[PDB]
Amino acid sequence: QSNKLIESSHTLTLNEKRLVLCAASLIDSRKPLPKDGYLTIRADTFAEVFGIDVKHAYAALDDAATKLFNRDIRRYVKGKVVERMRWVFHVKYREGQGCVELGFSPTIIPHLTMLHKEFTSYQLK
């Protein structure tokens, strides 16, 4: 069902995985989903949460958001792609505020906490 999202995440680069999980973590499973799926991700906190030097953190998010934006998750039947979907449909780079804005697709934002719960369950150490 939603395992596909979990499948697709395996194929993402390290920082892309981070970006998505970091966004997930900013969601409150108890309350409603973010308006239109918008979530802001600051470099400093990203750089702290993972072990990165904040001095270059923004560059990292920039590249990461851009790679995510370019992802194309597809479904096939035989050799033909039958369905195409994006993780995000909108990205705002804000080097001034040191953050990036991500608009997660309608069909995506509802599975983010599910992803978060999954990554947590394999967090052994």
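Position 1 is the first residue in the sequence shown; the rest follow in order.
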Check your understanding: Taking only the CA atoms, which stretch has the higher mean B-factor in the record, 21-29 or 109-117?
Key -> 21-29
Check your understanding: On average, are the C-alpha B-factors higher in 67-75 or in 94-102?
Key -> 94-102
Practice item. Looking at the entry's B-factor column for C-alpha atoms only, identify whether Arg86 ranks in the lowest, middle or highest third of its chain. Key: lowest
**Study point:** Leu39 - Cα temperature factor, lowest/middle/highest third of chain
**Key:** middle
Exercise for review: Among all modelled residues of this chain, ranked by Cα B factor, put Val54 in the bottom, middle or top third, i.e. lowest, middle or highest.
Suggested key: highest
